[PDB]
Amino acid sequence: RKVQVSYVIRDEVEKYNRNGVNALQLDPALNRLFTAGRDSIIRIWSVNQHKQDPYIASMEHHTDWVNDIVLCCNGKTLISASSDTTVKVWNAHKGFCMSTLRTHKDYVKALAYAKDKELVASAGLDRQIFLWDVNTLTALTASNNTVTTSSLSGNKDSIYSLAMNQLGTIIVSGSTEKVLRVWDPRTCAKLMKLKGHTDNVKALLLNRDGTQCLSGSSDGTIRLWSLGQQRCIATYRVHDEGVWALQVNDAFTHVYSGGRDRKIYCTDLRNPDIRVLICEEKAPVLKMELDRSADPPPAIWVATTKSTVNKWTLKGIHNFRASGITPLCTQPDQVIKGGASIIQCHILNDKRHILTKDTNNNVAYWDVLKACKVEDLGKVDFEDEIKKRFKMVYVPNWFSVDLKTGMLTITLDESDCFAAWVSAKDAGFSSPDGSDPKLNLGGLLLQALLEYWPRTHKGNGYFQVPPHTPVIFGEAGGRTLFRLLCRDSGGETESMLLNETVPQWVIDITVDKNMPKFXXXXXXXXXXXXXXXXXXXXXXXXXXXXXXXXXXXXXXXXXXXXXXXXXXXXXXXXXXXXXXXXXXXXXXXXXXXXXXXXXXXXXXXXXXX
Amino acid sequence: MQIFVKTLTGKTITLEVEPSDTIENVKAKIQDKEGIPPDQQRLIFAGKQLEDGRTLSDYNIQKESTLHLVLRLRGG
Amino acid sequence: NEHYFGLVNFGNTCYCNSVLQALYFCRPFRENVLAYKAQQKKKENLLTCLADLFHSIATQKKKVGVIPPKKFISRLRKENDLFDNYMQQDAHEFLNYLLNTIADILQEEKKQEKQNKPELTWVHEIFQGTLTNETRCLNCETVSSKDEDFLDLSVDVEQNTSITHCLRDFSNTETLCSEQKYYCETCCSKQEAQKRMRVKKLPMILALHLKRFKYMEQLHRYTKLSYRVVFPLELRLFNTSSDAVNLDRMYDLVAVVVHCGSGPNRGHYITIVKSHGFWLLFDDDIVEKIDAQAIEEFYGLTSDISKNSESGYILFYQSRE
Ligand SMILES: [Zn+2]
């Protein structure tokens, strides 16, 4: 698998979630909340209720979505599951990564935890589930540990949900297989295969003893199951669409549910008739976490597709149950602020600038090469702005863009990274008073990204990238190899890791400075009426207009200045049956001549006048 | 943008393309996943066989489009 | 007023003759071609030549014989560099080229009758169907629907099956996962998704093209698939549509272009057609009546016990009228 260098255009600190929360985890001992972000960052908050800013810290090791989080070891020890295919163990009090399990092969979608037996399992699109002892991971002793990876087999389809009971005697998985699979974590023995659901199961819940199970699926139903009776015991149709998040009280009598329809409901499992509309969120519910300080729970924490996290009070259930649908809460008691997510982006024909639109509808102009914002256009019409800022030039694709963090992430690949060769003056890099060379954008950018790396000694000579710019090195298919900040390239152990992970295709150009040649283009040239066999050797780096002057030398059968005079009357190198501007690059003709319903070899028109 | 190709076994594969991408290039991308050389490949879309000289925009092949990959059975 | 005349092989043009024969016994196509011949624009192109050939076949004093498609082939070679040779070719590539070329000619004529939004020619009226592709993201479940036209369906095959089964697997839901994940515009990231292709608009004639080939990545070559694939004489299809009107139309098999040969690089094409209830075999210049039971069997060879594999490659189903 080939390796790709990528970086994120962002601020030094991203205090608020930039793409919504997938999973929630509350610590009652220290009154701290944990949000897992789609922006790949876990954040810690103080839910004391009285503080102008609850932001404590942010944990950034992951490079993709954080699907689930688990708070273990009687207080604080966060485990995370991510779409970067890795599982990370964190010292939750001090907030840093300890170990990274790279056992999973695909996105890691869910985690289950057995408090008592202090056990934890991880599953994803791997179709494989992995059991882990929290104590064994947290260990720093390594006294003949010989870590044995214990997997769970059976899952035919991709797993989206996992649940384990308190005692850790039962473990059930939910997948696109619609069927739930149960096992005994202590023995790894297959228990049963509960058939019943119509669709994928995204939420699973087990009782203390693991006797009965609650499940939520995209079929719109909540199913109660008895593992004793070994079959479904009940089905509640509460939502008018998929149900993705569930929480229960300690009694295991009242179930809390939400999903796509954005409505949050509490439902009495005993008497399904009793169904209270808690709220209607501003976006589909992705995950919920109850406040378990009191029974019944005083409040519920709600994570959605939006970056904002909300708390809704459940204190008044009892009074509404006896008397008299109309929802309980209209406004949240406490709101965790959210940032904006970039949902639309457009690369301009100059492949240096990017236009973006975000969830607040704010449009902004960006410079990929200098990895920074340039201007905030505000809530302007995005497609109209795109048109207005149209440049009639062509520059080959040299990078890709992703927005899965809600932030701009630019990715460079071995293939097309080096492809865009533009003049410096064009690139706005005036060099008074010598000449303008043909610079490679991807090259310069690579140099700037690894500017502080000593192996490349300096910079690129033209520009600098923000020193806090994260530089990620990763396999295209999935697995993340190494993430460091640009400024950190200096560190001896960092430079040692760059030495070990940075692939050869980058080494050739940044350190060894063996800059790549160009990849020439050619086209047929002849008179449109008369003149007195094959395309001449040419390049997109050529000014195109200068080649038309060479045609005037054949009619003749200090000279460089006389050839420029031919452009005033002769030459006339038209193409695609239309007039061709001398300032236009040879590469730009491919975006108009051959692009207009014709073969990639269009002949150049020529005339005496 | 992303388009789809239905391969010989009926398996669907994805391709990341641009409207300016030519058909030969697309066949090269198919070749990267399946290994079939472009000279052996034939692509049918919307009832029409795609020409190597033409581009995706020319055939108006937009996102989520499914292309049908087929090879050849020669006879005389 | 029926006739049965074979076509001369001009070296490796059996693929041509076979497709022309299959198309000739597609009555609405034949009829539209004859109606085209009657207007006499008197300019030469592939359609006028085709019309001349079909008219010559239909209007012959005897009932049986052999006709040389010299002028048609001359035009085919003239307007297409690709078939301008004596090499062996694919019947489906030819079929598709011919249908699109004629249809393009007709479009240009509609465009030039108005001269003194888009329209549809009779080629589309006969062979064109429409599919609806639906992709559902498993993360947010936002189903995305896209309509796409077709002139024929290319179906993947498996050992010891029926074309009805292949057709049903074709319309089965497929999960896009791992390296093939779908890019969801809501999730703004690649996700597992469910893909299903259902028939939205049924064609007058359903042409089925069997993907009888397999690529060996490790061996850098492909082989011909000579699997047994039974094709029934009749087929029933149901329509989706807007569910205001819902179809359940019956089709009958009328013709099969068959490829004979052990490999994909060489072979021979023949055509079987149904006429007034019995089956006939066209092998270039030779035509013979064959009994109905023998046509299942050789087409889709069992095991290996058969000389130079003769397998059905393109089938033509005619809607009941
Ligand atoms: Zn989605």
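Residue numbers (the authors' numbering), protein chains in the order written: chain A, 13 to 336, 346 to 478, 502 to 576, 586 to 610, 620 to 671; chain C, 1 to 76; chain B, 31 to 146, 162 to 366.
By construction, the Cβ of each residue, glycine as well, lies at the ideal position given by its N, Cα and C atoms.
Residue i versus residue j - alpha carbon distance
{"i": "residue 393 of chain B", "j": "A:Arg410", "result": "Chain B is shown from 31 up to 366; residue 393 of chain B falls before or after that span and cannot be answered."}
{"i": "A:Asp423", "j": "A:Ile312", "result": "33 Å"}
{"i": "C:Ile30", "j": "A:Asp76", "result": "27 Å"}
{"i": "B:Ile250", "j": "B:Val244", "result": "14 Å"}
{"i": "B:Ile340", "j": "B:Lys352", "result": "15 Å"}
{"i": "A:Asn103", "j": "A:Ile516", "result": "23 Å"}
{"i": "A:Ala124", "j": "A:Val384", "result": "41 Å"}
{"i": "B:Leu253", "j": "C:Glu51", "result": "22 Å"}
{"i": "A:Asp307", "j": "A:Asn177", "result": "20 Å"}
{"i": "B:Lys92", "j": "B:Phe35", "result": "9 Å"}
{"i": "B:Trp167", "j": "B:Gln363", "result": "15 Å"}
{"i": "C:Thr12", "j": "A:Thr351", "result": "46 Å"}
{"i": "B:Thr268", "j": "B:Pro309", "result": "6 Å"}
{"i": "B:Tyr127", "j": "A:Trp237", "result": "59 Å"}
{"i": "A:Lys412", "j": "A:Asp371", "result": "7 Å"}
{"i": "A:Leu90", "j": "A:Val99", "result": "11 Å"}
{"i": "B:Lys226", "j": "A:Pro296", "result": "23 Å"}
Residue i burial status per 10 Å Cβ neighbour count (16 or more: buried)
{"i": "A:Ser335", "result": "exposed"}
{"i": "A:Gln64", "result": "exposed"}
{"i": "B:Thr209", "result": "exposed"}
{"i": "B:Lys334", "result": "exposed"}
{"i": "A:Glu472", "result": "buried"}
{"i": "A:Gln241", "result": "exposed"}
{"i": "B:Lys319", "result": "buried"}
{"i": "B:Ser287", "result": "exposed"}
{"i": "C:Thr55", "result": "buried"}
{"i": "B:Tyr116", "result": "exposed"}
Interface partners of residue i on chain B, CB under 7 Å
{"i": "A:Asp118", "result": "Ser223"}
{"i": "C:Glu64", "result": "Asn178, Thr180, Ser189 and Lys191"}
C-beta neighbour in chain A for residue i, strict 9 Å
{"i": "B:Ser234", "result": "yes"}
{"i": "B:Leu112", "result": "no"}
{"i": "B:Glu237", "result": "yes"}
{"i": "B:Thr220", "result": "yes"}
{"i": "B:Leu326", "result": "no"}
{"i": "B:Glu186", "result": "yes"}
Partners in chain C for residue i, counting only beta-carbon separations shorter than 7 Å
{"i": "B:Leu253", "result": "Under the 7 Å cutoff, chain C gives no residues; its nearest Cβ is about 12 Å from B:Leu253."}
{"i": "B:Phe195", "result": "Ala46 and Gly47"}
Short CB-CB distance (under 9 Å) between residue i and chain C
{"i": "B:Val275", "result": "no"}
{"i": "residue 160 of chain B", "result": "Looking at chain B, the numbering goes 146 and then 162, which leaves residue 160 of chain B without any coordinates in this model."}
{"i": "B:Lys141", "result": "no"}
{"i": "B:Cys56", "result": "no"}
{"i": "B:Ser199", "result": "yes"}
{"i": "B:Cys44", "result": "yes"}
Interface flag, residue i vs chain B, CB-CB below 9 Å
{"i": "C:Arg54", "result": "no"}
{"i": "C:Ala46", "result": "yes"}
{"i": "A:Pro511", "result": "no"}
{"i": "C:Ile36", "result": "yes"}
{"i": "A:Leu137", "result": "yes"}
{"i": "A:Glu472", "result": "no"}
{"i": "C:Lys27", "result": "no"}
Residues that residue i contacts on chain C, provided the C-beta gap is smaller than 8 Å
{"i": "B:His304", "result": "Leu73 and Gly75"}
Contact set between residue i and chain C, taken where Cβ atoms lie within less than 9 Å
{"i": "B:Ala121", "result": "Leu73 and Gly75"}
{"i": "B:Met249", "result": "By Cβ distance, chain C contributes nothing, its closest Cβ being about 14 Å from B:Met249, past 9 Å."}
Interface partners of residue i on chain B, CB under 9 Å
{"i": "C:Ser57", "result": "Residues of chain B passing the Cβ test: none, with the nearest at roughly 16 Å."}
{"i": "C:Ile23", "result": "Those within 9 Å of C:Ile23 in chain B number zero; the least Cβ separation is about 15 Å."}
{"i": "A:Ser421", "result": "Residues of chain B passing the Cβ test: none, with the nearest at roughly 12 Å."}
Completely contained beta strand (DSSP E) runs for the stretch 81 to 116 of chain A, where each covers 3 or more residues:
For the beta strand (DSSP E) assignment, the uninterrupted runs of no fewer than 3 residues enclosed by the stretch 81 to 116 of chain A are, from N- to C-terminal side, 90 to 94, 99 to 103 and 108 to 113.
Which runs of the alpha helix (DSSP H) at least 4 residues long sit entirely within the stretch 120 to 170 of chain A? Give them in chain order.
Those alpha helix (DSSP H) runs which fall completely within the stretch 120 to 170 of chain A and span 4+ residues are 146 to 150.
Just to confirm the assignment: which complete alpha helix (DSSP H) runs, minimum length 4, are found wholly within the stretch 61 to 144 of chain B?
The stretch 61 to 144 of chain B is shown to contain whole alpha helix (DSSP H) runs of 4 or more residues at 76 to 88, 100 to 109 and 121 to 143, in chain order.
Taking the runs of the beta strand (DSSP E) that are 3 residues or longer, which of them lie wholly in the stretch 331 to 366 of chain B?
Within the stretch 331 to 366 of chain B, the runs of beta strand (DSSP E) at least 3 residues long that lie entirely inside it are, in chain order, 331 to 335 and 355 to 364.
Which ranges does the alpha helix (DSSP H) cover as unbroken runs of at least 4 residues, wholly within the stretch 513 to 546 of chain A, from first to last along the chain?
Complete alpha helix (DSSP H) runs here, min 4: 536 to 545.
For the stretch 366 to 448 of chain A, which segments carrying the beta strand (DSSP E) assignment without a break, of at least 3 residues, lie completely within its bounds, in sequence order?
If we require 3 residues or more, the beta strand (DSSP E) runs fully inside the stretch 366 to 448 of chain A come out as 374 to 379, 384 to 388, 393 to 399, 421 to 423, 429 to 433 and 442 to 444.
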